[PDB]
Amino acid sequence: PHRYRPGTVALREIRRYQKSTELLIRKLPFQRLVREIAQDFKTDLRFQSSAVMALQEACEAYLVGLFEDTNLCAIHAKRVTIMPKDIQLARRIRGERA
Amino acid sequence: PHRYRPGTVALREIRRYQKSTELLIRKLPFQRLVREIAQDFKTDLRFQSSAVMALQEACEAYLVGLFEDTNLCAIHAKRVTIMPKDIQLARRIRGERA
Amino acid sequence: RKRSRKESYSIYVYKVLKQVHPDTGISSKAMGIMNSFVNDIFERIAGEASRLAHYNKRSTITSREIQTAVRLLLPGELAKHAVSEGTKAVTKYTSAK
Amino acid sequence: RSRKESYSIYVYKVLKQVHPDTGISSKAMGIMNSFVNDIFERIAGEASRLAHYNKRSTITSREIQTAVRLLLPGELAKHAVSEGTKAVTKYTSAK
Amino acid sequence: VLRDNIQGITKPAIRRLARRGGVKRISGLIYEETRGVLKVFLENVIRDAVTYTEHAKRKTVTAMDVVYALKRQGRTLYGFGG
Amino acid sequence: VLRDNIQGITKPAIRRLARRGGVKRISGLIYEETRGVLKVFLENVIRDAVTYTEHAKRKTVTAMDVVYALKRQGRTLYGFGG
Amino acid sequence: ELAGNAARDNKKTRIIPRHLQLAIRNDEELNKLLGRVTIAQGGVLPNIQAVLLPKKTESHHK
DNA sequence: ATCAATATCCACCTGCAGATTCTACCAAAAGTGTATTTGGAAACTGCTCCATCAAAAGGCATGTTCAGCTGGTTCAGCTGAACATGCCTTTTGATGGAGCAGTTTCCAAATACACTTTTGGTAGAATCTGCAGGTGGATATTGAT
DNA sequence: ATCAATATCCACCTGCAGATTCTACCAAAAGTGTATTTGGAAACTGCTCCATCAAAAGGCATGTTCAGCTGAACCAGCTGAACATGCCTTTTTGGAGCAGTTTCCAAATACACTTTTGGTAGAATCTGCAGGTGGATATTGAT
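Protein sequences, first through last, are from chains E, A, H, D, F, B and C. Converting from the first sequence to the entry's author numbering requires adding 38 to each position, the first position being numbered 1. Converting from the second sequence to the entry's author numbering requires adding 38 to each position, the first position being numbered 1. Converting from the third sequence to the entry's author numbering requires adding 29 to each position, the first position being numbered 1. Converting from the fourth sequence to the entry's author numbering requires adding 31 to each position, the first position being numbered 1. Converting from the fifth sequence to the entry's author numbering requires adding 21 to each position, the first position being numbered 1. Converting from the sixth sequence to the entry's author numbering requires adding 21 to each position, the first position being numbered 1. Converting from the seventh sequence to the entry's author numbering requires adding 64 to each position, the first position being numbered 1.
Right, here's the structure in full:
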């Protein structure tokens, strides 16, 4: 069987998703997560669908930016593999203490 | 002659300056730098002395914070020596693009 | 005869200081820092309350807006205790007419 | 029936001024509207703070200009300022 | 059976996002960390959104509530009105 | 002879600051980078300060001008009034 | 203007958010102005770090 | 190290759904024209703090020398990913319907604004004092052959 | 292992910073009036929940493969500290502007009337876009 080397398909996927703008997270589990969390603050709340879409947009843009910083930290550390400590560093430097 | 190992005095200096709050930059060269730069925007400008002190406070707090982030990046990179690339990374992550 | 008049929150901070720790002073620089702090949080709260009111087409800023602004700006238990104190104060004011 | 204002028509006129042969999506128009709203609020708020700082009760074109110089970088600010100046002078001329 | 629903932000979706982030190689432990990071981020936003909601005496969370919550966190979003 | 005066932010002062920053070991090339970083930072602050100055029709830079310049850069300073 | 330039680059007659995001991120001054702004449906720039791409040992000289 | 085989991307029509542009009607928003007002430009005064660089004390910056110690590098083993495929599952979507909840809107009292008077708190001058700082000494901490 | 430098403890003696009294004078509240505003009642249509059913694309366990991570070793050069000293920082008069006062005047609000143009319903076209050919660019596994 024909076999591609590790990385080629990853790179193709990078190019594909970086060329496009469609949302990569599933709508329904995101709605369910949001509803669960909001439920923990106030009961029987509702949400507009576009509010959920907005939240998804914000979440995904935030996550790619964090992964970008993570990637730079990894490269800085002479690695190509991202680790929790890289994320923790990036978030610490932005002041996203949590 | 008696001789201390590398790092002991550095650590003592760290403890000393981290215990105190006095300004570490000389007043006069700072005034001269400020006056030169401001001169490049508008001529024959004056400055209140407390304005210069304020600028110095801001500058030094900014610099220690950048060096702190730099230090974390170095440690992250398994180093104890700070490098330009560490500063560049920290500033890039804060968005201090310049 | 000429003269001006510069207001500050200094005396109230000193009164509070004397209330919590009677045997302790405060430098003028530190008091200035406390006054700067007070001014900053005041501006933050009024601005946020104003924005909420505009969002809700409301021309009045109420204790609800202060509370909400606090809830947005202040964290957890700090917010809860401040809120409780504010509520206590309004309740004491409203009765003491 | 209610009434919702937007900058849509002005953006569309401008689009035809700069590129007669080109359209724009509604979502994009909304983005442009959001942009406009954001810069409006930023400028007015900064102007407000300056006036407060200068114990001034009036917001003039001076405060707008200054706010712009603070907020916008280099050539963008210079061209915007030049345009605003030209516009005010044209307004003041054609009474 | 469901698993607190946070698991619906699946590994491949995170992988896709990281790819958009330009990530070529990813440790297996990253995913849970990302989920935790998201929850914190989300909590704060939604918390504020509900606060705005509560102020308006409304039981329906609007897009504007989200927009304001995002703005106050320095994460301005364009495209949804306002 | 003087050297554009940026050199008055000497190596030992930077060393002291880094020590307060907790730095134990420092490359020799860091110092010029720090100076450059400072100039950029400073330029922006002073630029805005002068803008405020110019708005007031004043020829003397005040502390308040600095404070406002710092605030708009998200670098709020306490202790100098306002 | 910039968005229409990106459209023509993509052989498109209608301006979309993609072009606005591309325009913003490709302009230093707008990028500074909108560095902390999220454009819904904007996506990201095709920016890949040089070190992650495959080697000059790519197998096709010609 | 890259050439003869793979095989994803592009090229380019091409119909066509459906976005998008155009066309018409309302009333709400802008603009003209008049009266009043008040914020601010400009003279013009009192002060206050800030530019000016002279020369000495002294203490911090520069530079030399040397040690050590750590950051760069290579090799190698393992393990934690990458990735194909089978096949299950859990989204998607449409679509349809109940009910709720946003929205309007109409109305009377609540709440706060605005104008006028009497306080009395606070700003600020002027006085007094007590604790932070200097300055020295004795003593517990801490680190190199 | 301790003794040579370090930093902590203790003591004491001032002065100047800061805590405290004495004014007056600015504003903070008491008291009419009025004008806006909020909340409450009742209609009421939009929309979001909900469930339920039929694709559909993707999730997900399994296993094969090998390149990335990371540890051992080591070299070498670069950075840290003492010592010497130079030198540049700190310490010790007027007048350029910075704030306060009057004042009077351009310019900005307030009110009434009239126009205009942008919201909004409804009709119509053009291009984004799914899909069917055709060839080229990007990868490997023999060349």
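Ideal Cβ positions, reconstructed from N, Cα and C, are used throughout, including at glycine.
Residue range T46 to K57 is occupied by the alpha helix (DSSP H) that includes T46 of chain E. Closer than 8 Å to the CB of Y89 of chain F there is at least one CB belonging to chain H. Selection D:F66, D:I74, D:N68 and D:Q96 evaluated against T116 of chain D yields D:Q96 as nearest (Cα-Cα).
Under the Cβ distance rule, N85 of chain H counts among the residues neighbouring chain F, one pair being separated by less than 8 Å. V99 of chain H and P44 of chain A have their C-alpha atoms roughly 51 Å apart. Within chain F, no residue has its beta carbon less than 8 Å from that of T116 of chain H; the closest one is some 16 Å off. Within the same chain, and ignoring the five residues on either side of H83 of chain C in sequence, the residues whose Cβ sits closer than 7 Å to its Cβ are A67, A70 and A71. The beta-carbon separation of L71 of chain E and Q77 of chain E, rounded to 11 Å, does not stay under the 8 Å limit for a contact.
If you check each beta-carbon in the region 75 to 93 of chain C against every beta-carbon of chain D, the ones closer than 7 Å belong to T77, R78, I79, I80, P81, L84 and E93.
Taking a contact to require three or more Cβ pairs closer than 8 Å, the region 86 to 102 of chain F and the region 81 to 99 of chain E qualify as touching. A distance of 8 Å or more separates the beta carbons of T55 of chain F and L61 of chain E. According to the DSSP secondary-structure assignment, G54 of chain D is paired through a beta bridge with C:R78. For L102 of chain D, the three-state secondary structure derived from DSSP is helix. Measuring C-alpha to C-alpha distances from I63 of chain E to each of F:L59, F:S48 and F:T31 identifies F:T31 as the nearest. Within the region 47 to 118 of chain E, the complete alpha helix (DSSP H) segments of 4 residues or longer fall at 65 to 79 and 87 to 114, listed in chain order. The Cβ-Cβ distance between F105 of chain A and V44 of chain B falls below 8 Å. Chain-order list of chain A residues neighbouring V71 of chain B: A76, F79, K80 and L83, by C-beta distance under 9 Å. With fewer than 16 other CB atoms across the displayed protein chains lying within 10 angstroms of its CB, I40 of chain D is exposed.
With contacts defined by Cβ atoms closer than 8 Å, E94 of chain H and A82 of chain H form a contacting pair. A distance below 7 Å between beta-carbons, with the five flanking residues on each side excluded, links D107 of chain A to the following residues of its chain, in chain order: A128. Segment contact: the region 68 to 88 of chain D against the region 106 to 114 of chain C, fewer than three CB-CB distances shorter than 8 Å; contact not assigned. Remark: fewer than three beta-carbon pairs, one from each stretch, lie closer than 8 Å, so the region 60 to 77 of chain D and the region 28 to 42 of chain B are not flagged as touching. When 7 Å is used as the limit between beta carbons, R100 of chain H is near these residues of chain F: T72, in chain order. Of the residues E:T81, E:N109, E:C111 and E:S87, the one whose Cα lies closest to the Cα of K80 of chain F is E:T81. If you draw a 10 Å sphere on the C-beta of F71 of chain H, you find fewer than 16 other C-beta atoms in it, and that means exposed. Under DSSP, the beta-bridge partners assigned to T102 of chain C are F:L98.
Nearest in C-alpha terms to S79 of chain H, of all of H:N68, H:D69 and H:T91, is H:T91. Taken through DSSP and simplified to helix, strand or coil, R40 of chain B comes out as helix.
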